[PDB]
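Working notes, structure below.
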Amino acid sequence: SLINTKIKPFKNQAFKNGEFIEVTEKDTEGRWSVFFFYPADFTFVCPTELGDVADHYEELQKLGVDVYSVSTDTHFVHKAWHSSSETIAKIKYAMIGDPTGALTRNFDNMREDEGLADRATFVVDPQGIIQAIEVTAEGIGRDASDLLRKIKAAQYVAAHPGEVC
Amino acid sequence: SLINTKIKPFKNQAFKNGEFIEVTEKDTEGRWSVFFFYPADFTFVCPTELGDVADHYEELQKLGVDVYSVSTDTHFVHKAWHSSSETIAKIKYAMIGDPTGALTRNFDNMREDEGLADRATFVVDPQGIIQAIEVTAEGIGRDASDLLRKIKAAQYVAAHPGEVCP
Amino acid sequence: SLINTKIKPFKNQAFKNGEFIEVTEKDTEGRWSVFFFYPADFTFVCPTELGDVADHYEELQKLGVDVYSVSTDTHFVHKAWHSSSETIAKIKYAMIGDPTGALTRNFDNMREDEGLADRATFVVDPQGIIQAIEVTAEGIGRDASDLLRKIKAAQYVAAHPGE
Amino acid sequence: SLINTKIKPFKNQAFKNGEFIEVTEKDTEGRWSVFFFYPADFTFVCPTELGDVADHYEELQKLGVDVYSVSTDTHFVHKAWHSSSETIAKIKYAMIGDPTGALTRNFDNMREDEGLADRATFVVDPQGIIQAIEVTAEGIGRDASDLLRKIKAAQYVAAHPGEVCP
Amino acid sequence: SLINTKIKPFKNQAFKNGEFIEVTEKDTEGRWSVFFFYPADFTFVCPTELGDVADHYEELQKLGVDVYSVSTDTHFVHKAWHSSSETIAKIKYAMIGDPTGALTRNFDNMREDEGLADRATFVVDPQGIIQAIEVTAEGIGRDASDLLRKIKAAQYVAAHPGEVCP
Amino acid sequence: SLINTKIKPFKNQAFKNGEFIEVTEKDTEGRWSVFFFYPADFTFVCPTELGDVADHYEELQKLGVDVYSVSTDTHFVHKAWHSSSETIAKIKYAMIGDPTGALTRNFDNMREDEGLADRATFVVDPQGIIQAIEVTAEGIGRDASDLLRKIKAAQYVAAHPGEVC
Amino acid sequence: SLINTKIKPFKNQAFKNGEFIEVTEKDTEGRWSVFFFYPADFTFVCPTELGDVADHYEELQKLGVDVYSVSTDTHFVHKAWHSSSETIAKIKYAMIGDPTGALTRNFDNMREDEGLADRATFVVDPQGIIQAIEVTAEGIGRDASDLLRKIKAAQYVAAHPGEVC
Amino acid sequence: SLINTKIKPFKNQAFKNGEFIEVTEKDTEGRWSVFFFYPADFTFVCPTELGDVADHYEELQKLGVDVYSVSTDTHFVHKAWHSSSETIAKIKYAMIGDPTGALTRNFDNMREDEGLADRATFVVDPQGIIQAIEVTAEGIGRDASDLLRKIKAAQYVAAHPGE
Amino acid sequence: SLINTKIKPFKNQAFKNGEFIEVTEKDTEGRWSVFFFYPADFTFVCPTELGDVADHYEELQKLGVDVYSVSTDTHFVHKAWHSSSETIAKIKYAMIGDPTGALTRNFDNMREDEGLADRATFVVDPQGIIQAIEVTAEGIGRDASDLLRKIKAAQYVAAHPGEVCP
Amino acid sequence: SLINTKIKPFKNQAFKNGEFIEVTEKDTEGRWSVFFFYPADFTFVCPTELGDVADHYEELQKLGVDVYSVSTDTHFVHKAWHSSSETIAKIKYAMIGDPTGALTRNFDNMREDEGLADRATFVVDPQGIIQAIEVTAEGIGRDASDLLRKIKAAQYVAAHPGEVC
Ligand code: NA
């Protein structure tokens with residue numbers, strides 16, 4: 001399992017509110033990070049998952065938690081999808097494009113026979129350590145509220161190590 | 001990851017309500033399964049997660065869902081823990097022992113440096129396909145209600161393909 | 001080179017006039033095929049190259065020629081682009097999605113460090129034999145007219161061995 | 001076999017009279033050691049062998065000999081067993097936990113198919129050299145008196161080289 | 001493919017307007033070069049393709065483009081052929097000989113079973129980066145006018161990086 | 001460990017009361033066997049170990065237990081040693097000679113840098129399974145009485161499997 | 001060296017006064033053959049070496065000997081040379097093209113450096129066994145008479161096996 | 001062959017006139033050496049070969065020659081044999097035990113399937129160079145006289161290069 | 001070593017009493033053979049060793065022993081040498097030539113840096129088993145009489161297996 | 001082939017009328033050399049090939065050309081042959097022995113089948129570059145005059161580099 005391992009170096013292009021940016025492991029150092037993987041933009045499935053995260057992004061940013069949704073689509077497609085979907089539009093966190101699949105593979109989250117990333121969320125702490133992993137099949141939704149609970153729980157354990165109960 | 005793959009064959013001894021039994025992949029065929037891994041019996045940490053699933057067990061059972069908790073302790077130790085911790089005593093599902101680490105490694109959930117399994121829940125459908133995976137570090141808890149929600153979502157999708165909102 | 005070699009087996013999803021279909025090497029057997037590769041959907045470069053080809057889709061069709069545009073975008077992305085751009089909307093030929101990049105690599109046409117196919121066109125005869133290759137860097141357009149000429153020329157040489 | 005070789009470095013957690021401690025090869029330096037391996041805590045088999053060594057412990061101690069029992073159970077389980085089986089309660093020596101199997105494998109004493117250590121006693125001298133090895137299948141017991149005899153023989157030879165009868 | 005890659009080193013004898021010159025990657029430096037490969041001299045194929053190029057040579061020389069036609073024929077042959085076909089006579093550009101196929105292979109353009117080059121035309125920018133590639137089967141002609149159109153487009157792009165869509 | 005493993009095939013020459021014989025794994029099948037390894041004949045150390053076993057050999061044969069002492073010396077040396085030592089003389093069990101070291105290695109009991117076998121005793125049951133192993137350094141004696149106890153214990157467990165205490 | 005070895009099979013295009021023909025080793029079985037390798041056609045050097053061979057085609061042909069000249073030039077070039085050069089025009093023997101360099105390499109006579117064959121001549125008896133090899137650098141020329149002397153010797157030696165002397 | 005090659009390093013225990021000592025390649029440096037190998041102590045073959053050599057031990061000693069008999073028996077076994085046989089009791093030269101079989105294998109003289117050295121003698125000069133080899137199957141004795149001759153001959157050739 | 005092993009196949013030309021014969025392992029069959037190797041013909045070394053053998057040839061021929069002297073010289077050379085040295089003239093046994101060293105190497109007797117055989121004598125019994133080996137440095141002579149003594153002993157042993165010590 | 005390549009270094013024993021000498025490639029630097037390979041000494045074939053070379057030693061020596069005949073026979077045999085055969089006796093050029101076959105193999109002229117060199121002659125210029133190779137089977141003989149013609153051509157070609165024609 002990748003639980004308790006340090007994330008690997010990466011460099012991708014992303015679409016963050018209006019423009020294109022470059023994201024690397026450097027950007028994550030010192031912060032808490034959520035890497036939200038999903039299969040593909042413009043598919044027929046409602047972007048509820050990405051939208052719920054979007055709804056709680058102000059709260060996440062309070063907690064000092066950066067969000068990076070990731071898929072193998074290009075940042076170009078993210079821009080087009082962003083400015084064409086009610087839900088996707090709400091997103092203010094960076095939308096990473098991973099066409100080489102390297103980031104997706106870094107997190108061993110590639111559906112190799114489809115070239116698409118699996119539905120997985122990774123919580124990474126300031127030191128780069130993965131502290132929570134969640135992966136679900138199509139249809140089984142990922143709850144933003146539960147994600148927030150885990151992040152708070154993880155943030156607490158980092159402040160109060162060895163909390164017997 | 002192991003999402004959407006079929007579970008591997010396995011044979012372990014377990015403690016289930018007062019007696020010892022053997023559990024293999026055959027026991028999961030045709031049912032919905034929850035494999036709940038944890039690090040170790042008898043530690044100073046709170047058996048919250050285990051008692052949690054225990055509370056929702058009657059409910060999971062009404063959904064045709066079996067539960068197997070797993071750690072690298074033997075089945076003998078589970079029998080001891082079950083008859084010692086009140087939280088653990090509420091358990092009526094099979095408590096699988098995995099001293100060789102095979103079951104744990106089948107699910108790629110082993111902390112090799114400690115010989116203990118990581119905190120991780122797996123939802124397996126009737127055809128043995130892994131539909132949901134959850135792993136967390138020590139101190140980050142697993143919500144049994146969020147689990148139940150995922151199980152029902154998984155059953156709904158199995159029963160009603162194509163109803164994902166457009 | 002890949003000139004005068006046989007195309008390899010492939011299976012991809014594509015968007016073709018409002019619907020999603022599957023295309024494989026078996027659909028090219030017995031027909032003349034054009035595999036038109038480009039780097040990406042929704043970029044800012046003018047989609048002139050793919051428009052050109054749409055304009056001549058009837059010529060190629062009368063000539064027994066099938067057109068397949070290929071990018072490493074998914075077929076979902078193609079469907080969407082087919083609505084954003086007026087140019088892309090002319091396209092009646094199949095738009096193949098290649099996220100696994102296998103079809104692209106078969107044609108040794110992958111920019112590995114970008115995960116995007118290069119600007120390359122392949123003309124394939126009914127036996128799956130590559131008879132013409134054209135590849136250009138960004139900015140250097142491809143003329144749909146020169147492609148028609150080469151295709152007629154290929155069809156001619158197959159039915160008039162000699163020169 | 002491992003006869004006359006030096007023990008390997010190790011670091012395990014153990015239960016010793018009510019509290020948890022850490023044991024490494026450093027703890028054995030300058031002393032005489034008995035590493036007593038067994039398969040598992042809490043089984044239906046008789047803890048005869050363990051209670052046996054317990055009885056001779058005060059005696060072994062008067063010979064400057066330490067005792068470490070070992071199994072692939074965790075130290076937490078040993079603490080539970082110690083406060084549950086009366087035979088085990090007599091134990092005052094360190095009960096080493098070896099869930100990764102490293103200590104067990106260092107002594108080449110692992111049943112790989114069961115993730116449990118074989119019944120085997122090792123006598124290690126002050127320089128860490130293995131002087132006596134005893135391994136037996138289940139049901140064949142280890143005599144603590146024969147052990148003591150071997151320990152004293154080993155000490156006598158260490159103190160009086162060349163006195164083997166001609 | 002070879003697109004967007006830098007040409008590899010090379011040393012070839014050629015024939016240019018009566019005299020025998022030598023060419024290397026050095027001469028391509030800072031310049032725009034066109035490598036026009038063809039199978040063989042003295043065949044019965046219409047020498048028309050090379051003629052089209054010759055007919056546009058003045059126009060290309062104006063654009064600052066050097067042309068090297070290449071066959072695995074010796075530069076000696078190019079000489080005798082340049083004075084046999086009235087079409088070939090028009091050629092003012094260098095006619096490289098590649099009897100070792102080394103230049104041909106640098107461009108992955110050798111028909112290994114024939115020992116002859118394939119009908120391929122390459123456009124190399126001032127930095128040595130291949131910017132246009134064209135290969136055809138025996139019989140499908142190459143349009144010298146399309147070659148020009150692309151050489152111009154290449155240069156325009158070299159000077160107007162990121163030419164967004166007006 | 002070799003505990004609970006089947007012995008390997010072998011073929012050695014031995015000296016058994018007066019003459020030379022050939023012993024193979026075949027000879028052990030169906031019987032209980034004790035393979036008693038020792039470093040070397042004619043050394044200066046008293047053959048107490050071999051003699052105690054000799055003293056209990058009548059009892060061992062009652063229990064249907066065959067004995068094979070083994071060392072890397074040749075059967076020739078065993079004969080000479082046998083007819084030249086009070087203690088060794090008592091021996092009526094086969095004295096295997098293992099100059100190629102193969103048998104010794106089969107039981108992973110070779111002191112490679114000395115070419116001599118280590119002081120180890122192996123109890124092997126009728127099916128060829130090693131049920132008890134004992135190895136001691138020079139000076140630490142091996143007790144025949146304790147060996148007999150183990151053999152009886154092993155013979156019992158084979159008759160009464162899973163004897164809870 | 002290749003002396004006393006059988007020629008490897010081949011298939012090359014050739015020019016034989018007017019007609020293009022396909023030559024193989026099958027064409028050489030039964031006859032005495034001469035493979036006259038040379039650097040290239042249309043060179044500024046003296047086509048003397050080749051012309052001289054023609055001067056003896058009479059006799060050679062009488063002797064049941066065929067001549068296959070070989071260069072890594074294509075048969076197309078041989079044709080254009082044959083009818084563009086006086087001496088080359090005298091040639092009535094097959095002019096092989098070896099643009100792949102395979103025939104040349106079977107005769108281990110390639111200037112890997114230039115992609116041209118070296119000045120070498122080979123005498124092959126009816127069984128395909130090389131009986132005489134001759135290789136010289138640029139400048140040292142081959143002598144047609146000396147070649148014929150050998151062929152005669154070769155033919156004779158064959159008639160009376162092992163000619164003691 | 002091993003003829004004219006240098007003996008390899010070795011370290012073995014030996015029995016020599018009532019006591020146990022160690023012998024290594026360093027003890028042969030500077031002297032002439034004879035390595036006399038035989039299969040085994042206490043067998044039934046007549047120990048004539050080793051007796052022969054004992055008889056000439058004084059000749060060889062006056063000649064600056066050291067004798068080392070070698071078998072894969074231990075030095076303890078040699079000490080014992082030195083008392084059983086009257087013949088073996090004449091031996092004053094060192095009897096080397098080779099249970100690890102390394103010295104024997106150095107001389108490529110091991111019957112692997114028996115773990116016994118073959119009947120072979122090696123004459124080694126002061127530089128460790130093998131100047132004479134003699135090996136025979138069981139039953140074919142080795143004459144101590146022929147060995148002396150060869151040794152004198154070797155000593156001669158080393159001090160009179162030519163012939 | 002090579003002792004007690006069966007000789008390998010071989011095909012060599014030789015010289016025996018004026019005529020050139022061929023020898024193979026076939027001829028050694030059922031017979032007792034002696035392979036007498038030496039470095040080279042026509043040197044300044046005393047041809048004495050080969051002479052001793054010749055002097056005992058009649059006695060050996062009586063015992064049913066065939067002798068083959070071997071040098072990596074051609075059988076041609078053996079001929080010319082057999083008629084130059086008055087010692088060599090006495091030779092009635094076959095003089096094998098081994099210019100390919102194949103026979104010499106079969107016996108691991110080649111001085112690789114010299115292309116010449118070492119001074120070695122081999123005794124092969126009727127079954128092809130090497131029964132006696134002798135090799136010496138240039139200068140140390142081989143006694144033909146000791147050779148005889150051993151050939152006799154070999155045969156006696158071949159007929160009296162297990163000749164215990166009377 | 002070895003045409004136009006430099007000779008590999010060597011060290012062999014030779015016979016030069018009376019004296020035994022050591023020849024190496026160091027002896028060939030600066031001079032024009034001829035290596036005359038042949039099968040063997042004392043054969044029943046005609047020593048004609050070698051004798052003829054002697055017949056021209058006059059001239060060759062004039063031309064600053066040395067002659068090294070080579071066979072895989074030892075220099076001892078060459079001596080016994082030189083003074084036991086009329087024609088062989090005419091030889092004033094160095095007679096090399098190559099019993100290891102190394103010199104022969106540097107010239108890729110060995111009958112691995114027989115352990116004898118093939119009938120081959122090599123012309124080496126002062127820089128050690130082979131300029132002419134000639135190999136023939138048993139029976140086809142080499143011509144001394146033809147050899148001299150080449151050497152002269154070779155020497156000349158050297159004087160006026162690239163002799164256009
Ligand atoms: Na465990």
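Identifiers in this document derive from the order of the structure tokens: chains are assigned A, B, ..., residues are numbered from 1 separately in each chain, and ligands are numbered from 1 in order of occurrence.
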task: Dump the neighbourhood of ligand 1 as an MDAnalysis selection string: all residues within 7 Å, distances computed on only C-alpha atoms and all ligand atoms.
output: (chainID B and resid 72:73 99:100 115) or (chainID D and resid 72:73 99:100 115)
Would you save the residues from that selection as a PDB file, in the first residue's frame, using N, CA and C atoms?
ATOM      1  N   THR B  72      -2.900  -9.831  11.733  1.00  0.00           N
ATOM      2  CA  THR B  72      -1.910 -10.881  11.665  1.00  0.00           C
ATOM      3  C   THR B  72      -1.743 -11.665  12.974  1.00  0.00           C
ATOM      4  N   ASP B  73      -2.698 -11.488  13.882  1.00  0.00           N
ATOM      5  CA  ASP B  73      -2.737 -12.216  15.144  1.00  0.00           C
ATOM      6  C   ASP B  73      -3.361 -13.554  14.720  1.00  0.00           C
ATOM      7  N   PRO B  99      -1.575 -15.038  10.593  1.00  0.00           N
ATOM      8  CA  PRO B  99      -0.172 -15.062  11.026  1.00  0.00           C
ATOM      9  C   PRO B  99       0.890 -15.187   9.932  1.00  0.00           C
ATOM     10  N   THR B 100       0.524 -15.705   8.768  1.00  0.00           N
ATOM     11  CA  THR B 100       1.478 -15.809   7.667  1.00  0.00           C
ATOM     12  C   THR B 100       1.455 -14.507   6.855  1.00  0.00           C
ATOM     13  N   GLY B 115       5.166  -6.191  10.385  1.00  0.00           N
ATOM     14  CA  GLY B 115       4.481  -7.463  10.331  1.00  0.00           C
ATOM     15  C   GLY B 115       3.014  -7.317  10.681  1.00  0.00           C
TER      16      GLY B 115
ATOM     17  N   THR D  72       5.944 -15.423  17.436  1.00  0.00           N
ATOM     18  CA  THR D  72       5.599 -14.387  16.490  1.00  0.00           C
ATOM     19  C   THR D  72       4.352 -13.580  16.878  1.00  0.00           C
ATOM     20  N   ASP D  73       3.933 -13.728  18.131  1.00  0.00           N
ATOM     21  CA  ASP D  73       2.814 -12.977  18.687  1.00  0.00           C
ATOM     22  C   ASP D  73       3.479 -11.639  19.047  1.00  0.00           C
ATOM     23  N   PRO D  99       6.479 -10.255  15.654  1.00  0.00           N
ATOM     24  CA  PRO D  99       5.492 -10.240  14.566  1.00  0.00           C
ATOM     25  C   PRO D  99       6.035 -10.148  13.138  1.00  0.00           C
ATOM     26  N   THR D 100       7.251  -9.648  12.968  1.00  0.00           N
ATOM     27  CA  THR D 100       7.845  -9.576  11.635  1.00  0.00           C
ATOM     28  C   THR D 100       8.575 -10.893  11.337  1.00  0.00           C
ATOM     29  N   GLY D 115       3.705 -19.185   9.628  1.00  0.00           N
ATOM     30  CA  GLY D 115       4.060 -17.906  10.202  1.00  0.00           C
ATOM     31  C   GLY D 115       4.361 -18.028  11.681  1.00  0.00           C
TER      32      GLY D 115
END
- request: Mind listing the strand (DSSP E or B) residues of chain J, per DSSP on the backbone, as number ranges by chain?
  value: J: 6, 11-16, 19-24, 32-37, 65-71, 94-97, 110-111, 116-117, 119-124, 129-136
message: Applying 9 Å and only C-alpha atoms, which residues near residue 19 of chain I remain after dropping the ones on its own chain fewer than 4 positions away? List them as a count of residues only.
response: 3
Quick one: chain I onto chain B, least squares on all Cα paired in order, result as a tab-separated table (two decimals) with C-alpha atoms, in the first residue's frame?
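Final file, superposed_22.tsv:
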chain	number	residue	atom	x	y	z
I	1	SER	CA	-4.73	-0.12	-7.77
I	2	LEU	CA	-6.58	-3.12	-6.35
I	3	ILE	CA	-9.86	-1.42	-7.11
I	4	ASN	CA	-12.03	-3.31	-9.50
I	5	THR	CA	-10.00	-6.49	-9.29
I	6	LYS	CA	-11.11	-9.94	-8.10
I	7	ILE	CA	-9.90	-11.13	-4.72
I	8	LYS	CA	-7.34	-13.91	-4.66
I	9	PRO	CA	-7.82	-17.37	-3.05
I	10	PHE	CA	-7.20	-17.86	0.65
I	11	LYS	CA	-7.42	-20.26	3.58
I	12	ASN	CA	-7.68	-18.79	7.07
I	13	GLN	CA	-8.80	-19.91	10.52
I	14	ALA	CA	-11.15	-17.49	12.30
I	15	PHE	CA	-13.16	-16.99	15.46
I	16	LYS	CA	-16.90	-16.45	15.30
I	17	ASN	CA	-19.21	-16.59	18.32
I	18	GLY	CA	-17.26	-19.01	20.52
I	19	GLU	CA	-16.38	-21.47	17.78
I	20	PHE	CA	-13.37	-21.64	15.47
I	21	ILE	CA	-14.30	-21.71	11.81
I	22	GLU	CA	-12.26	-21.78	8.62
I	23	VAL	CA	-12.76	-19.31	5.78
I	24	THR	CA	-11.81	-19.30	2.09
I	25	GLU	CA	-12.63	-17.32	-1.04
I	26	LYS	CA	-15.37	-19.92	-1.56
I	27	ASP	CA	-17.46	-18.46	1.30
I	28	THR	CA	-17.26	-14.99	-0.26
I	29	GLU	CA	-18.87	-16.28	-3.45
I	30	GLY	CA	-22.25	-14.90	-4.43
I	31	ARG	CA	-22.12	-12.70	-1.36
I	32	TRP	CA	-21.21	-9.13	-0.50
I	33	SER	CA	-18.18	-9.23	1.81
I	34	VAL	CA	-16.35	-6.61	3.87
I	35	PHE	CA	-12.75	-7.19	4.82
I	36	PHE	CA	-11.94	-4.99	7.78
I	37	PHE	CA	-8.22	-5.06	8.51
I	38	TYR	CA	-6.60	-3.61	11.62
I	39	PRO	CA	-3.02	-3.86	13.02
I	40	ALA	CA	-3.21	-5.77	16.29
I	41	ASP	CA	-5.33	-7.15	19.14
I	42	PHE	CA	-4.65	-6.28	22.76
I	43	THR	CA	-3.10	-2.86	22.17
I	44	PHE	CA	-4.03	0.36	23.98
I	45	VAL	CA	-5.76	1.86	20.96
I	46	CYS	CA	-9.49	2.38	21.45
I	47	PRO	CA	-11.19	-0.80	20.12
I	48	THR	CA	-13.82	1.65	18.96
I	49	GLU	CA	-13.59	1.07	15.15
I	50	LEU	CA	-14.44	-2.65	15.42
I	51	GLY	CA	-17.22	-1.69	17.83
I	52	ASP	CA	-18.88	0.68	15.36
I	53	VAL	CA	-18.98	-2.19	12.90
I	54	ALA	CA	-20.43	-4.57	15.48
I	55	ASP	CA	-23.03	-1.90	16.26
I	56	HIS	CA	-24.12	-1.93	12.63
I	57	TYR	CA	-23.77	-5.67	12.12
I	58	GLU	CA	-27.49	-6.37	12.46
I	59	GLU	CA	-28.18	-3.67	9.86
I	60	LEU	CA	-25.49	-5.16	7.54
I	61	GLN	CA	-26.63	-8.76	8.04
I	62	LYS	CA	-29.99	-7.45	6.81
I	63	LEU	CA	-28.38	-6.11	3.64
I	64	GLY	CA	-26.83	-9.51	3.03
I	65	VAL	CA	-23.27	-8.48	3.91
I	66	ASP	CA	-20.67	-10.69	5.59
I	67	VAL	CA	-17.95	-9.08	7.71
I	68	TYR	CA	-14.47	-10.42	8.33
I	69	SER	CA	-12.14	-8.40	10.52
I	70	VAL	CA	-8.50	-9.30	9.90
I	71	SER	CA	-5.29	-8.92	11.91
I	72	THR	CA	-2.10	-10.95	11.56
I	73	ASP	CA	-2.97	-12.33	15.01
I	74	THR	CA	-3.83	-16.01	15.37
I	75	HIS	CA	-7.56	-16.86	15.68
I	76	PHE	CA	-6.58	-18.04	19.17
I	77	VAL	CA	-5.75	-14.47	20.14
I	78	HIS	CA	-9.04	-13.21	18.68
I	79	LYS	CA	-10.80	-15.60	21.07
I	80	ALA	CA	-9.01	-14.41	24.22
I	81	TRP	CA	-9.46	-10.78	23.15
I	82	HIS	CA	-13.16	-11.28	22.41
I	83	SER	CA	-13.55	-12.17	26.06
I	84	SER	CA	-11.40	-9.38	27.50
I	85	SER	CA	-12.53	-6.13	25.93
I	86	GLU	CA	-16.19	-5.44	26.52
I	87	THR	CA	-16.28	-3.78	23.13
I	88	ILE	CA	-14.86	-6.79	21.29
I	89	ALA	CA	-17.38	-8.98	23.09
I	90	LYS	CA	-20.11	-7.39	20.91
I	91	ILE	CA	-18.54	-8.89	17.77
I	92	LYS	CA	-20.75	-11.47	16.06
I	93	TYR	CA	-18.89	-11.47	12.73
I	94	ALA	CA	-15.96	-13.75	11.90
I	95	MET	CA	-12.58	-12.65	13.23
I	96	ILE	CA	-9.98	-13.99	10.82
I	97	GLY	CA	-6.40	-14.69	11.83
I	98	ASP	CA	-3.66	-14.17	9.26
I	99	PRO	CA	-0.37	-15.07	10.97
I	100	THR	CA	1.20	-15.85	7.56
I	101	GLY	CA	0.14	-12.45	6.22
I	102	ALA	CA	-0.99	-14.23	3.03
I	103	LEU	CA	-4.52	-12.79	3.18
I	104	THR	CA	-3.11	-9.36	4.14
I	105	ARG	CA	-0.64	-9.47	1.25
I	106	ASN	CA	-3.34	-10.63	-1.22
I	107	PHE	CA	-4.82	-7.19	-0.52
I	108	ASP	CA	-1.44	-5.40	-0.66
I	109	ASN	CA	-2.08	-4.27	2.91
I	110	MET	CA	0.95	-5.49	4.88
I	111	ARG	CA	3.29	-3.09	6.78
I	112	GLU	CA	6.30	-5.21	5.92
I	113	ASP	CA	8.54	-3.65	8.57
I	114	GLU	CA	5.96	-4.38	11.29
I	115	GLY	CA	4.43	-7.73	10.40
I	116	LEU	CA	1.03	-6.11	10.92
I	117	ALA	CA	-1.76	-5.13	8.57
I	118	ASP	CA	-2.66	-1.53	7.78
I	119	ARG	CA	-6.00	0.02	8.66
I	120	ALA	CA	-7.83	-0.89	5.47
I	121	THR	CA	-11.42	-1.77	4.66
I	122	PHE	CA	-12.39	-3.52	1.42
I	123	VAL	CA	-15.83	-4.05	-0.11
I	124	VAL	CA	-16.09	-7.10	-2.37
I	125	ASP	CA	-19.22	-7.61	-4.53
I	126	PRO	CA	-20.85	-11.04	-5.25
I	127	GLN	CA	-18.50	-11.62	-8.24
I	128	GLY	CA	-15.39	-11.02	-6.10
I	129	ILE	CA	-14.70	-7.56	-7.53
I	130	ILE	CA	-13.28	-5.06	-5.02
I	131	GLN	CA	-15.71	-2.09	-5.16
I	132	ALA	CA	-14.57	0.16	-2.33
I	133	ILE	CA	-11.20	0.74	-0.65
I	134	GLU	CA	-10.23	2.76	2.37
I	135	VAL	CA	-6.90	2.95	4.17
I	136	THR	CA	-5.86	5.27	6.97
I	137	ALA	CA	-2.84	6.03	9.14
I	138	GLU	CA	-2.86	4.92	12.79
I	139	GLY	CA	-5.15	7.49	14.38
I	140	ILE	CA	-7.53	8.46	11.59
I	141	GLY	CA	-10.79	6.65	12.23
I	142	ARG	CA	-13.05	4.83	9.79
I	143	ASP	CA	-16.75	5.73	9.91
I	144	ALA	CA	-18.94	2.61	10.01
I	145	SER	CA	-21.84	4.76	8.80
I	146	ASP	CA	-19.96	5.85	5.69
I	147	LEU	CA	-19.16	2.18	5.16
I	148	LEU	CA	-22.89	1.43	5.19
I	149	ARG	CA	-23.70	4.33	2.90
I	150	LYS	CA	-21.24	2.93	0.35
I	151	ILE	CA	-22.39	-0.69	0.66
I	152	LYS	CA	-25.87	0.48	-0.18
I	153	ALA	CA	-24.66	2.64	-3.08
I	154	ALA	CA	-22.61	-0.28	-4.40
I	155	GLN	CA	-25.63	-2.56	-4.53
I	156	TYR	CA	-27.87	0.11	-6.06
I	157	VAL	CA	-25.28	0.55	-8.82
I	158	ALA	CA	-24.90	-3.21	-9.26
I	159	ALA	CA	-28.61	-3.23	-10.13
I	160	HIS	CA	-28.87	0.05	-12.04
I	161	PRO	CA	-26.00	-0.09	-14.59
I	162	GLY	CA	-25.34	3.22	-16.32
I	163	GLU	CA	-27.30	5.30	-13.84
I	164	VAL	CA	-27.07	8.46	-16.01
I	165	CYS	CA	-27.38	11.89	-14.35
I	166	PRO	CA	-31.11	12.57	-13.78
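Over all paired C-alpha atoms, chain J superimposes on chain F with an RMSD of 0.4 Å.
Close contacts of residue 99 of chain J, defined as residues with an atom at most 6 Å away when counting only C-alpha atoms, with chain neighbours fewer than 5 positions off set aside, comprise residues 115 of chain I; 72, 73 and 74 of chain J.
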task: Write out as a PyMOL selection string every residue belonging to chain H that has an atom at most 9 Å from any atom of chain I, counting only C-alpha atoms.
output: chain H and resi 1+3-4+44-47+107-111+118+120+130-143+146+149-154+156-157+161-163
- request: Give the residues of chain J that lie within 7 Å of chain I; count only C-alpha atoms, and format the answer as number ranges by chain.
  value: J: 42-43, 73, 76-77, 99-100, 114-115
- prompt: When DSSP works through the backbone of this structure, what residues of chain I end up as helix (DSSP H, G or I), shown as a VMD selection string?
  reply: chain I and resid 25 to 28 48 to 63 75 to 82 86 to 89 102 to 106 144 to 159
task: Would you kindly return, as a list in words, each protein, DNA or RNA residue with an atom no farther than 6 Å from any atom of residue 51 of chain A, considering only C-alpha atoms and excluding same-chain residues fewer than 3 positions away?
output: residues 48, 54 and 87 of chain A
